[PDB]
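Residue numbers (the deposited numbering): 1 to 526.
Please read the structure below before turning to the comments.
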(Lines of atoms letter the chains of each structure in order from A and count residues from 1; the text may use other names and numbers.)
(Lines give C-alpha, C1' and ligand atoms only; values in the text may rest on other atoms or scores of the structure.)
Protein backbone atom coordinates (compact mmCIF):
# COMPACT_ATOMS: atom_id res chain seq x y z
CA UNK A 1 0.00 0.00 0.00
CA UNK A 2 0.78 3.71 -0.22
CA UNK A 3 1.02 5.74 2.98
CA UNK A 4 -1.95 8.11 3.31
CA UNK A 5 -1.61 9.60 6.80
CA UNK A 6 0.06 8.88 10.12
CA UNK A 7 0.39 10.52 13.54
CA UNK A 8 3.24 10.11 15.99
CA UNK A 9 2.90 10.09 19.78
CA UNK A 10 1.76 13.73 19.82
CA UNK A 11 -2.03 13.79 19.35
CA UNK A 12 -2.25 10.35 21.02
CA UNK A 13 0.72 10.08 23.37
CA UNK A 14 3.11 7.18 23.90
CA UNK A 15 0.45 4.52 24.28
CA UNK A 16 -1.75 2.00 22.54
CA UNK A 17 -3.93 3.33 19.72
CA UNK A 18 -7.51 2.04 19.71
CA UNK A 19 -9.73 3.20 16.87
CA UNK A 20 -13.04 2.62 15.15
CA UNK A 21 -14.13 3.94 11.76
CA UNK A 22 -17.34 5.70 10.92
CA UNK A 23 -19.55 3.88 8.38
CA UNK A 24 -19.42 7.07 6.30
CA UNK A 25 -15.68 6.59 5.80
CA UNK A 26 -14.88 10.29 6.30
CA UNK A 27 -14.37 10.04 10.08
CA UNK A 28 -11.78 8.03 12.01
CA UNK A 29 -11.42 8.49 15.77
CA UNK A 30 -8.09 7.36 17.22
CA UNK A 31 -7.50 7.44 20.97
CA UNK A 32 -4.07 7.15 22.54
CA UNK A 33 -2.58 7.28 26.03
CA UNK A 34 -3.46 10.93 26.63
CA UNK A 35 -7.10 11.84 27.21
CA UNK A 36 -7.82 13.22 23.73
CA UNK A 37 -9.51 11.62 20.72
CA UNK A 38 -8.41 12.68 17.23
CA UNK A 39 -11.32 12.52 14.79
CA UNK A 40 -9.77 12.17 11.34
CA UNK A 41 -10.85 12.84 7.74
CA UNK A 42 -10.78 10.81 4.51
CA UNK A 43 -7.42 12.43 3.79
CA UNK A 44 -6.53 12.01 7.48
CA UNK A 45 -6.74 15.63 8.61
CA UNK A 46 -7.71 16.32 12.23
CA UNK A 47 -11.46 16.84 11.91
CA UNK A 48 -12.09 17.44 15.62
CA UNK A 49 -10.19 17.40 18.91
CA UNK A 50 -12.10 16.55 22.09
CA UNK A 51 -10.52 17.07 25.50
CA UNK A 52 -11.54 14.74 28.31
CA UNK A 53 -11.94 15.88 31.91
CA UNK A 54 -9.42 14.46 34.40
CA UNK A 55 -10.43 10.86 35.04
CA UNK A 56 -11.56 9.71 38.47
CA UNK A 57 -9.64 6.46 37.83
CA UNK A 58 -6.55 7.44 35.81
CA UNK A 59 -4.66 4.80 33.87
CA UNK A 60 -1.27 4.03 35.50
CA UNK A 61 0.12 2.37 32.34
CA UNK A 62 1.68 4.67 29.76
CA UNK A 63 1.49 2.13 26.92
CA UNK A 64 -2.30 1.97 26.84
CA UNK A 65 -5.36 3.79 25.49
CA UNK A 66 -7.39 6.54 27.14
CA UNK A 67 -10.61 5.10 25.65
CA UNK A 68 -11.74 1.75 27.05
CA UNK A 69 -13.97 0.72 24.13
CA UNK A 70 -15.24 3.25 21.59
CA UNK A 71 -17.34 2.49 18.52
CA UNK A 72 -19.34 4.15 15.76
CA UNK A 73 -23.00 3.43 15.13
CA UNK A 74 -23.76 2.21 11.57
CA UNK A 75 -25.28 5.59 10.65
CA UNK A 76 -22.34 8.01 10.87
CA UNK A 77 -24.19 10.53 13.06
CA UNK A 78 -22.77 9.91 16.55
CA UNK A 79 -19.45 8.76 17.99
CA UNK A 80 -19.65 7.14 21.43
CA UNK A 81 -16.23 7.53 23.04
CA UNK A 82 -15.93 5.58 26.29
CA UNK A 83 -12.81 6.77 28.14
CA UNK A 84 -11.09 4.41 30.55
CA UNK A 85 -11.70 4.89 34.27
CA UNK A 86 -14.37 7.58 33.92
CA UNK A 87 -18.01 8.10 34.90
CA UNK A 88 -19.28 9.54 31.61
CA UNK A 89 -20.04 8.62 28.01
CA UNK A 90 -19.08 11.13 25.31
CA UNK A 91 -21.50 11.05 22.39
CA UNK A 92 -19.57 13.02 19.77
CA UNK A 93 -21.79 14.44 17.03
CA UNK A 94 -20.35 14.56 13.52
CA UNK A 95 -22.70 17.40 12.55
CA UNK A 96 -22.23 20.20 15.10
CA UNK A 97 -19.06 19.11 16.97
CA UNK A 98 -20.71 19.34 20.40
CA UNK A 99 -19.79 16.72 23.00
CA UNK A 100 -22.82 15.23 24.75
CA UNK A 101 -21.57 14.28 28.21
CA UNK A 102 -23.96 11.60 29.49
CA UNK A 103 -23.39 11.17 33.21
CA UNK A 104 -23.86 7.80 34.87
CA UNK A 105 -27.29 7.47 36.48
CA UNK A 106 -26.03 4.73 38.84
CA UNK A 107 -24.67 7.34 41.33
CA UNK A 108 -21.05 7.60 40.15
CA UNK A 109 -20.51 4.09 38.79
CA UNK A 110 -17.55 3.44 36.50
CA UNK A 111 -18.43 2.31 32.98
CA UNK A 112 -16.94 -0.83 31.44
CA UNK A 113 -18.11 -1.26 27.82
CA UNK A 114 -20.65 0.00 25.31
CA UNK A 115 -22.55 -1.27 22.29
CA UNK A 116 -24.13 0.43 19.28
CA UNK A 117 -27.44 -0.63 17.75
CA UNK A 118 -27.47 -1.78 14.15
CA UNK A 119 -30.52 0.46 13.65
CA UNK A 120 -28.78 3.40 15.35
CA UNK A 121 -31.66 4.55 17.58
CA UNK A 122 -30.49 2.54 20.61
CA UNK A 123 -27.38 2.60 22.78
CA UNK A 124 -26.28 0.38 25.66
CA UNK A 125 -23.26 1.24 27.82
CA UNK A 126 -22.25 -1.15 30.60
CA UNK A 127 -20.63 -0.48 33.97
CA UNK A 128 -18.05 -2.46 35.94
CA UNK A 129 -20.75 -3.50 38.43
CA UNK A 130 -22.94 -5.00 35.70
CA UNK A 131 -25.34 -2.07 35.46
CA UNK A 132 -26.20 -0.99 31.91
CA UNK A 133 -27.58 2.43 31.02
CA UNK A 134 -30.03 2.84 28.14
CA UNK A 135 -29.81 5.80 25.75
CA UNK A 136 -31.85 6.55 22.62
CA UNK A 137 -30.42 8.66 19.81
CA UNK A 138 -33.79 9.81 18.43
CA UNK A 139 -35.14 11.26 21.71
CA UNK A 140 -32.07 12.19 23.85
CA UNK A 141 -33.24 10.75 27.17
CA UNK A 142 -31.20 8.69 29.63
CA UNK A 143 -32.86 5.55 31.01
CA UNK A 144 -31.03 3.69 33.81
CA UNK A 145 -31.37 -0.08 34.12
CA UNK A 146 -30.13 -1.32 37.50
CA UNK A 147 -28.86 -4.88 37.24
CA UNK A 148 -27.77 -6.86 34.19
CA UNK A 149 -24.57 -8.52 35.43
CA UNK A 150 -22.76 -8.85 38.75
CA UNK A 151 -19.26 -7.94 37.51
CA UNK A 152 -17.57 -5.91 34.78
CA UNK A 153 -19.00 -6.42 31.30
CA UNK A 154 -15.93 -6.58 29.07
CA UNK A 155 -17.70 -6.11 25.73
CA UNK A 156 -21.19 -5.92 24.27
CA UNK A 157 -22.94 -5.82 20.92
CA UNK A 158 -26.48 -5.17 19.75
CA UNK A 159 -28.41 -6.96 17.01
CA UNK A 160 -31.15 -6.30 14.46
CA UNK A 161 -33.81 -7.57 16.89
CA UNK A 162 -33.25 -4.59 19.26
CA UNK A 163 -32.02 -6.99 21.96
CA UNK A 164 -29.23 -5.84 24.26
CA UNK A 165 -26.57 -8.55 24.49
CA UNK A 166 -23.70 -8.40 26.98
CA UNK A 167 -20.46 -10.28 27.64
CA UNK A 168 -19.95 -9.95 31.38
CA UNK A 169 -17.25 -11.27 33.69
CA UNK A 170 -19.90 -13.33 35.54
CA UNK A 171 -19.86 -15.91 32.68
CA UNK A 172 -23.35 -14.95 31.50
CA UNK A 173 -24.97 -13.64 28.32
CA UNK A 174 -28.08 -11.56 28.95
CA UNK A 175 -30.37 -11.04 25.94
CA UNK A 176 -32.52 -8.17 27.19
CA UNK A 177 -34.99 -6.43 24.90
CA UNK A 178 -34.15 -2.84 24.04
CA UNK A 179 -37.82 -1.80 23.86
CA UNK A 180 -39.67 -3.56 26.69
CA UNK A 181 -36.57 -3.71 28.90
CA UNK A 182 -37.13 -7.39 29.75
CA UNK A 183 -34.62 -10.24 29.62
CA UNK A 184 -35.86 -12.42 26.76
CA UNK A 185 -33.17 -15.11 26.99
CA UNK A 186 -30.13 -15.79 29.17
CA UNK A 187 -27.12 -17.83 28.05
CA UNK A 188 -24.70 -19.10 30.70
CA UNK A 189 -21.05 -19.27 29.70
CA UNK A 190 -18.37 -21.37 31.37
CA UNK A 191 -15.69 -18.66 31.73
CA UNK A 192 -15.04 -14.95 31.16
CA UNK A 193 -15.38 -13.69 27.56
CA UNK A 194 -13.78 -10.55 26.17
CA UNK A 195 -15.77 -9.86 22.97
CA UNK A 196 -19.28 -10.22 21.61
CA UNK A 197 -19.91 -10.46 17.87
CA UNK A 198 -23.52 -10.81 16.74
CA UNK A 199 -24.06 -11.98 13.16
CA UNK A 200 -26.17 -14.42 11.18
CA UNK A 201 -25.59 -18.18 11.16
CA UNK A 202 -26.63 -19.29 7.68
CA UNK A 203 -27.66 -22.93 7.32
CA UNK A 204 -28.98 -25.01 4.43
CA UNK A 205 -32.35 -25.20 6.21
CA UNK A 206 -34.27 -22.12 7.34
CA UNK A 207 -32.62 -19.53 9.59
CA UNK A 208 -33.69 -15.98 10.39
CA UNK A 209 -31.99 -13.20 8.45
CA UNK A 210 -31.82 -10.90 11.48
CA UNK A 211 -28.89 -11.07 13.89
CA UNK A 212 -29.90 -13.70 16.45
CA UNK A 213 -26.92 -16.09 16.59
CA UNK A 214 -24.34 -14.94 19.13
CA UNK A 215 -20.69 -15.86 19.56
CA UNK A 216 -18.25 -15.33 22.41
CA UNK A 217 -14.52 -16.03 22.56
CA UNK A 218 -14.24 -17.77 25.94
CA UNK A 219 -10.84 -17.84 27.72
CA UNK A 220 -9.47 -16.43 24.42
CA UNK A 221 -9.45 -20.05 23.19
CA UNK A 222 -12.98 -21.46 22.91
CA UNK A 223 -15.86 -19.99 20.89
CA UNK A 224 -19.49 -20.92 21.52
CA UNK A 225 -22.10 -20.62 18.78
CA UNK A 226 -25.59 -20.62 20.27
CA UNK A 227 -28.47 -20.32 17.82
CA UNK A 228 -31.67 -18.42 18.53
CA UNK A 229 -33.07 -18.02 14.99
CA UNK A 230 -34.93 -21.26 14.27
CA UNK A 231 -33.03 -24.29 15.62
CA UNK A 232 -31.57 -25.33 18.95
CA UNK A 233 -31.02 -23.50 22.21
CA UNK A 234 -27.56 -24.69 23.31
CA UNK A 235 -24.12 -23.18 22.63
CA UNK A 236 -22.92 -25.55 19.93
CA UNK A 237 -19.45 -26.55 21.07
CA UNK A 238 -16.34 -25.65 19.05
CA UNK A 239 -13.01 -27.36 19.72
CA UNK A 240 -9.89 -25.74 18.26
CA UNK A 241 -6.31 -26.95 18.16
CA UNK A 242 -4.00 -25.66 20.89
CA UNK A 243 -1.05 -25.50 18.46
CA UNK A 244 -2.70 -22.60 16.61
CA UNK A 245 -2.53 -20.45 19.74
CA UNK A 246 -5.23 -18.52 21.60
CA UNK A 247 -7.95 -16.71 19.68
CA UNK A 248 -7.43 -13.25 21.14
CA UNK A 249 -10.62 -11.92 19.51
CA UNK A 250 -13.10 -13.50 17.13
CA UNK A 251 -15.22 -11.46 14.75
CA UNK A 252 -18.09 -12.94 12.76
CA UNK A 253 -17.93 -12.00 9.09
CA UNK A 254 -18.92 -13.13 5.62
CA UNK A 255 -21.46 -15.91 5.11
CA UNK A 256 -21.51 -17.23 8.65
CA UNK A 257 -17.71 -17.35 8.74
CA UNK A 258 -15.68 -16.60 11.86
CA UNK A 259 -12.50 -14.52 11.81
CA UNK A 260 -10.53 -16.60 14.30
CA UNK A 261 -7.64 -14.31 15.10
CA UNK A 262 -5.20 -16.57 16.92
CA UNK A 263 -2.74 -14.49 18.96
CA UNK A 264 0.25 -16.43 17.56
CA UNK A 265 -0.38 -14.92 14.11
CA UNK A 266 -2.46 -17.90 12.97
CA UNK A 267 -5.66 -17.24 11.02
CA UNK A 268 -8.56 -19.69 10.78
CA UNK A 269 -12.09 -19.46 9.41
CA UNK A 270 -14.85 -21.71 10.78
CA UNK A 271 -18.11 -22.02 8.89
CA UNK A 272 -21.27 -21.99 11.01
CA UNK A 273 -24.14 -24.30 10.05
CA UNK A 274 -25.96 -27.41 11.25
CA UNK A 275 -24.11 -30.20 9.43
CA UNK A 276 -20.45 -29.53 10.29
CA UNK A 277 -19.76 -26.82 12.83
CA UNK A 278 -16.31 -27.59 14.27
CA UNK A 279 -14.35 -27.81 11.01
CA UNK A 280 -11.76 -25.19 10.04
CA UNK A 281 -12.10 -24.22 6.38
CA UNK A 282 -9.14 -21.81 6.32
CA UNK A 283 -5.80 -22.99 7.69
CA UNK A 284 -2.42 -21.28 7.42
CA UNK A 285 0.47 -19.70 9.29
CA UNK A 286 0.73 -15.99 8.57
CA UNK A 287 2.46 -14.23 11.47
CA UNK A 288 4.03 -14.84 14.87
CA UNK A 289 2.02 -12.17 16.71
CA UNK A 290 -1.66 -11.27 16.18
CA UNK A 291 -2.63 -8.60 18.76
CA UNK A 292 -5.68 -7.65 16.61
CA UNK A 293 -7.75 -9.11 13.76
CA UNK A 294 -10.38 -7.25 11.77
CA UNK A 295 -12.52 -7.45 8.66
CA UNK A 296 -14.13 -5.07 6.19
CA UNK A 297 -17.26 -6.56 4.64
CA UNK A 298 -16.88 -4.74 1.33
CA UNK A 299 -13.41 -5.64 -0.03
CA UNK A 300 -12.74 -8.98 1.65
CA UNK A 301 -9.65 -7.64 3.41
CA UNK A 302 -8.39 -9.13 6.69
CA UNK A 303 -5.70 -7.15 8.49
CA UNK A 304 -3.11 -8.54 10.88
CA UNK A 305 -1.58 -6.83 13.92
CA UNK A 306 1.90 -8.26 14.24
CA UNK A 307 4.72 -7.25 16.53
CA UNK A 308 6.39 -5.29 13.71
CA UNK A 309 4.29 -5.63 10.55
CA UNK A 310 0.68 -5.66 9.38
CA UNK A 311 -0.41 -8.36 6.95
CA UNK A 312 -3.47 -7.96 4.73
CA UNK A 313 -5.42 -11.12 3.91
CA UNK A 314 -7.61 -10.89 0.82
CA UNK A 315 -10.72 -12.93 1.62
CA UNK A 316 -11.69 -12.56 -2.05
CA UNK A 317 -8.52 -14.56 -2.83
CA UNK A 318 -8.83 -17.04 0.09
CA UNK A 319 -7.06 -15.02 2.80
CA UNK A 320 -3.72 -14.62 1.03
CA UNK A 321 -1.10 -12.18 2.32
CA UNK A 322 -1.07 -9.60 -0.46
CA UNK A 323 2.28 -7.92 0.19
CA UNK A 324 1.20 -5.08 -2.09
CA UNK A 325 -1.47 -4.50 0.55
CA UNK A 326 0.46 -5.76 3.60
CA UNK A 327 2.42 -3.27 5.69
CA UNK A 328 5.85 -3.52 7.29
CA UNK A 329 6.54 -0.90 9.97
CA UNK A 330 9.55 0.10 12.03
CA UNK A 331 11.08 -2.34 14.52
CA UNK A 332 10.34 -0.17 17.54
CA UNK A 333 6.53 -0.46 17.83
CA UNK A 334 3.95 -3.23 18.24
CA UNK A 335 0.69 -3.01 16.31
CA UNK A 336 -1.98 -3.47 18.99
CA UNK A 337 -5.12 -2.52 17.05
CA UNK A 338 -5.40 -2.89 13.29
CA UNK A 339 -8.50 -1.91 11.40
CA UNK A 340 -10.29 -1.15 8.18
CA UNK A 341 -12.72 1.55 7.23
CA UNK A 342 -16.25 0.19 7.61
CA UNK A 343 -16.75 0.44 3.84
CA UNK A 344 -13.01 0.28 3.20
CA UNK A 345 -10.58 2.90 1.94
CA UNK A 346 -7.70 3.02 4.44
CA UNK A 347 -5.89 0.25 6.26
CA UNK A 348 -5.83 1.54 9.83
CA UNK A 349 -2.92 0.45 12.01
CA UNK A 350 -2.44 1.32 15.67
CA UNK A 351 0.74 0.49 17.56
CA UNK A 352 1.44 0.08 21.28
CA UNK A 353 3.42 3.33 21.76
CA UNK A 354 1.50 5.92 19.73
CA UNK A 355 2.49 5.41 16.07
CA UNK A 356 -0.81 6.10 14.33
CA UNK A 357 -0.42 4.33 10.99
CA UNK A 358 -2.88 4.55 8.12
CA UNK A 359 -2.36 3.31 4.57
CA UNK A 360 -4.35 3.81 1.39
CA UNK A 361 -5.76 0.50 0.14
CA UNK A 362 -6.29 -0.57 -3.48
CA UNK A 363 -6.91 2.66 -5.33
CA UNK A 364 -10.50 3.89 -5.81
CA UNK A 365 -12.22 3.51 -9.18
CA UNK A 366 -12.48 7.21 -10.03
CA UNK A 367 -12.26 6.62 -13.78
CA UNK A 368 -13.90 7.92 -16.93
CA UNK A 369 -13.42 6.72 -20.50
CA UNK A 370 -13.40 8.78 -23.71
CA UNK A 371 -11.80 6.58 -26.33
CA UNK A 372 -8.70 4.70 -25.22
CA UNK A 373 -7.84 7.55 -22.83
CA UNK A 374 -8.94 6.65 -19.31
CA UNK A 375 -9.36 9.36 -16.67
CA UNK A 376 -8.57 6.94 -13.87
CA UNK A 377 -7.18 7.84 -10.45
CA UNK A 378 -3.87 6.99 -8.78
CA UNK A 379 -4.25 8.92 -5.51
CA UNK A 380 -6.87 10.90 -3.60
CA UNK A 381 -5.08 14.16 -4.48
CA UNK A 382 -4.27 13.50 -8.15
CA UNK A 383 -6.08 11.39 -10.72
CA UNK A 384 -4.14 10.26 -13.77
CA UNK A 385 -5.26 10.48 -17.37
CA UNK A 386 -3.26 7.45 -18.51
CA UNK A 387 -3.84 5.46 -21.68
CA UNK A 388 -4.18 1.73 -21.12
CA UNK A 389 -2.47 0.94 -24.42
CA UNK A 390 0.68 3.04 -23.98
CA UNK A 391 1.14 2.98 -20.15
CA UNK A 392 2.99 6.31 -20.40
CA UNK A 393 1.68 9.18 -18.29
CA UNK A 394 -0.41 11.73 -20.20
CA UNK A 395 -1.84 13.87 -17.41
CA UNK A 396 -1.51 13.77 -13.60
CA UNK A 397 -4.62 15.82 -12.83
CA UNK A 398 -4.38 17.46 -9.42
CA UNK A 399 -7.71 17.52 -7.55
CA UNK A 400 -8.02 20.43 -5.14
CA UNK A 401 -11.66 19.49 -4.67
CA UNK A 402 -12.61 16.06 -3.40
CA UNK A 403 -12.48 13.30 -6.03
CA UNK A 404 -16.06 12.09 -6.36
CA UNK A 405 -16.59 12.35 -10.13
CA UNK A 406 -14.42 12.88 -13.20
CA UNK A 407 -15.82 14.01 -16.53
CA UNK A 408 -13.43 12.94 -19.28
CA UNK A 409 -13.82 15.48 -22.02
CA UNK A 410 -11.12 16.02 -24.63
CA UNK A 411 -10.69 19.56 -23.23
CA UNK A 412 -11.35 19.43 -19.48
CA UNK A 413 -11.98 17.20 -16.47
CA UNK A 414 -14.71 18.04 -13.95
CA UNK A 415 -13.96 17.01 -10.36
CA UNK A 416 -15.52 17.89 -7.03
CA UNK A 417 -17.60 16.67 -4.14
CA UNK A 418 -20.58 16.03 -6.48
CA UNK A 419 -21.64 19.70 -6.48
CA UNK A 420 -18.40 21.47 -7.33
CA UNK A 421 -17.25 21.06 -10.92
CA UNK A 422 -13.50 21.56 -10.51
CA UNK A 423 -12.97 21.74 -14.24
CA UNK A 424 -9.45 20.54 -14.99
CA UNK A 425 -8.14 21.20 -18.49
CA UNK A 426 -6.25 18.37 -20.17
CA UNK A 427 -4.41 20.50 -22.73
CA UNK A 428 -1.80 23.19 -22.11
CA UNK A 429 -1.95 22.71 -18.32
CA UNK A 430 -2.79 19.41 -16.64
CA UNK A 431 -5.39 19.79 -13.91
CA UNK A 432 -5.60 23.57 -14.18
CA UNK A 433 -8.45 25.31 -12.37
CA UNK A 434 -10.68 26.17 -15.33
CA UNK A 435 -13.88 26.67 -13.34
CA UNK A 436 -14.94 25.95 -9.77
CA UNK A 437 -18.65 25.48 -10.38
CA UNK A 438 -20.33 24.52 -7.13
CA UNK A 439 -23.56 23.67 -8.88
CA UNK A 440 -27.05 24.37 -7.56
CA UNK A 441 -27.68 20.64 -7.23
CA UNK A 442 -25.73 17.40 -7.23
CA UNK A 443 -23.66 16.89 -10.39
CA UNK A 444 -25.34 13.61 -11.33
CA UNK A 445 -24.33 12.70 -14.90
CA UNK A 446 -21.91 15.28 -16.22
CA UNK A 447 -20.58 14.85 -19.74
CA UNK A 448 -17.68 16.95 -20.99
CA UNK A 449 -16.96 17.44 -24.69
CA UNK A 450 -14.48 19.57 -26.65
CA UNK A 451 -16.14 22.79 -25.42
CA UNK A 452 -18.96 22.15 -22.98
CA UNK A 453 -19.93 20.09 -19.97
CA UNK A 454 -23.46 18.70 -20.00
CA UNK A 455 -23.80 19.10 -16.26
CA UNK A 456 -26.95 17.09 -15.65
CA UNK A 457 -27.57 18.64 -12.24
CA UNK A 458 -30.99 18.76 -10.61
CA UNK A 459 -32.46 16.82 -13.53
CA UNK A 460 -31.51 19.66 -15.89
CA UNK A 461 -28.81 19.20 -18.52
CA UNK A 462 -26.73 22.29 -17.77
CA UNK A 463 -24.78 22.86 -21.00
CA UNK A 464 -22.04 25.47 -20.89
CA UNK A 465 -18.67 25.74 -22.66
CA UNK A 466 -16.11 25.10 -19.95
CA UNK A 467 -13.43 27.33 -21.50
CA UNK A 468 -15.18 30.53 -20.43
CA UNK A 469 -12.99 33.53 -21.21
CA UNK A 470 -12.31 36.42 -18.86
CA UNK A 471 -15.25 38.77 -18.41
CA UNK A 472 -17.79 35.98 -19.00
CA UNK A 473 -19.67 33.64 -16.68
CA UNK A 474 -20.55 29.97 -17.31
CA UNK A 475 -23.63 30.38 -15.08
CA UNK A 476 -25.50 32.53 -17.60
CA UNK A 477 -23.86 30.35 -20.27
CA UNK A 478 -25.60 27.32 -18.76
CA UNK A 479 -27.82 26.29 -21.67
CA UNK A 480 -30.43 24.19 -19.87
CA UNK A 481 -31.49 21.47 -22.32
CA UNK A 482 -34.81 20.94 -20.50
CA UNK A 483 -34.87 24.70 -20.18
CA UNK A 484 -36.80 26.88 -17.72
CA UNK A 485 -40.37 26.50 -18.93
CA UNK A 486 -39.78 22.94 -20.18
CA UNK A 487 -40.19 19.96 -17.81
CA UNK A 488 -36.95 18.28 -16.78
CA UNK A 489 -36.88 14.56 -17.51
CA UNK A 490 -33.31 13.66 -18.51
CA UNK A 491 -31.45 11.15 -16.33
CA UNK A 492 -28.37 10.61 -18.49
CA UNK A 493 -26.83 12.94 -21.06
CA UNK A 494 -24.32 12.04 -23.78
CA UNK A 495 -22.75 15.37 -24.74
CA UNK A 496 -20.97 14.84 -28.06
CA UNK A 497 -19.70 17.49 -30.50
CA UNK A 498 -22.19 16.36 -33.16
CA UNK A 499 -25.19 16.01 -30.83
CA UNK A 500 -26.15 16.73 -27.23
CA UNK A 501 -27.74 13.34 -26.65
CA UNK A 502 -30.04 13.59 -23.63
CA UNK A 503 -31.61 10.44 -22.20
CA UNK A 504 -34.98 11.47 -20.87
CA UNK A 505 -37.38 9.59 -18.62
CA UNK A 506 -40.05 10.10 -21.29
CA UNK A 507 -37.64 8.71 -23.90
CA UNK A 508 -36.93 12.04 -25.65
CA UNK A 509 -33.43 11.14 -26.77
CA UNK A 510 -32.87 14.64 -28.11
CA UNK A 511 -30.11 15.28 -30.66
CA UNK A 512 -28.93 18.90 -30.67
CA UNK A 513 -26.80 19.44 -33.78
CA UNK A 514 -25.78 22.81 -32.43
CA UNK A 515 -24.25 22.14 -29.00
CA UNK A 516 -26.36 24.66 -27.04
CA UNK A 517 -30.13 24.24 -27.41
CA UNK A 518 -31.24 23.63 -31.00
CA UNK A 519 -31.94 20.13 -32.35
CA UNK A 520 -32.32 18.84 -35.87
CA UNK A 521 -33.10 15.32 -34.59
CA UNK A 522 -34.95 13.94 -31.57
CA UNK A 523 -35.22 10.21 -30.92
CA UNK A 524 -38.35 8.97 -29.12
CA UNK A 525 -37.35 6.01 -26.93
CA UNK A 526 -40.80 4.60 -26.24
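Ideal Cβ placement from N, Cα and C applies to all residues, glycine included.
Proximity test, Cβ basis, 8 Å: residue i and chain D
i	result
residue 11	Absent from the structure is chain D; it holds one protein chain and no more.
Delimiting residues of the beta strand (DSSP E) encompassing residue i
i	result
residue 156	153-157
residue 23	Neither: residue 23 is in no beta strand (DSSP E) and is coded neither H nor E.
residue 512	Unbroken run through residue 512: none, as it is neither H nor E.
residue 406	Neither: residue 406 is in no beta strand (DSSP E) and is coded neither H nor E.
residue 90	88-93
residue 62	Premise fails: residue 62 is in no beta strand (DSSP E) and is neither H nor E.
residue 113	111-116
residue 319	Looking at the DSSP string, residue 319 is not in any beta strand (DSSP E), and its letter there is neither H nor E.
residue 270	Per DSSP, residue 270 belongs to no beta strand (DSSP E) and is neither H nor E.
residue 523	521-524
residue 217	214-218
residue 38	36-40
residue 1	Residue 1 -> no beta strand (DSSP E), and no H or E assigned at all.
residue 105	It is not in any beta strand (DSSP E) - residue 105 carries neither H nor E in the DSSP assignment.
residue 307	Counting along the chain, residue 307 falls outside any beta strand (DSSP E), and DSSP gives it neither H nor E.
residue 376	373-377
residue 432	432-438
residue 422	420-425
residue 336	335-340
Whole-angstrom C-beta distance between residue j and residue i, which should lie under 8 Å
i	j	result
residue 73	residue 112	With 8 Å as the limit, residue 73 and residue 112 do not qualify as a contact, their Cβ atoms being about 19 Å apart.
residue 160	residue 211	5 Å
residue 364	residue 375	About 13 Å separates the two Cβ atoms, so there is no contact after all.
residue 175	residue 165	6 Å
residue 272	residue 218	With 8 Å as the limit, residue 272 and residue 218 do not qualify as a contact, their Cβ atoms being about 16 Å apart.
residue 528	residue 419	This structure cannot settle anything about residue 528, because the visible part of the chain is limited to 1 through 526.
residue 77	residue 55	The pair is not a contact, with the Cβ atoms about 26 Å apart (cut-off 8 Å).
Beta-carbon gap between residue i and residue j smaller than 8 Å
i	j	result
residue 442	residue 515	no
residue 307	residue 334	yes
residue 294	residue 327	no
residue 245	residue 264	yes
residue 15	residue 68	no
residue 519	residue 449	no
residue 286	residue 313	yes
residue 120	residue 131	no
residue 187	residue 198	no
residue 30	residue 17	yes
residue 214	residue 158	no
residue 434	residue 397	no
residue 247	residue 223	yes
residue 348	residue 19	yes
residue 205	residue 274	yes
For residue j and residue i, the rounded distance between their alpha carbons
i	j	result
residue 66	residue 270	33 Å
residue 1	residue 310	11 Å
residue 290	residue 411	51 Å
residue 57	residue 85	4 Å
residue 34	residue 262	29 Å
residue 428	residue 460	31 Å
residue 302	residue 183	35 Å
residue 43	residue 239	43 Å
residue 260	residue 234	21 Å
residue 203	residue 281	16 Å
residue 230	residue 100	40 Å
residue 107	residue 128	13 Å
residue 24	residue 52	25 Å
residue 380	residue 402	8 Å
Assess, as a yes-or-no matter, whether the region 349-363 is touched by the region 390-403 under the definition of 3 or more beta carbon pairs within less than 8 Å.
no
Would you check if there are 3 or more beta carbon pairs closer than 8 Å linking the region 498-505 to the region 467-476?
no
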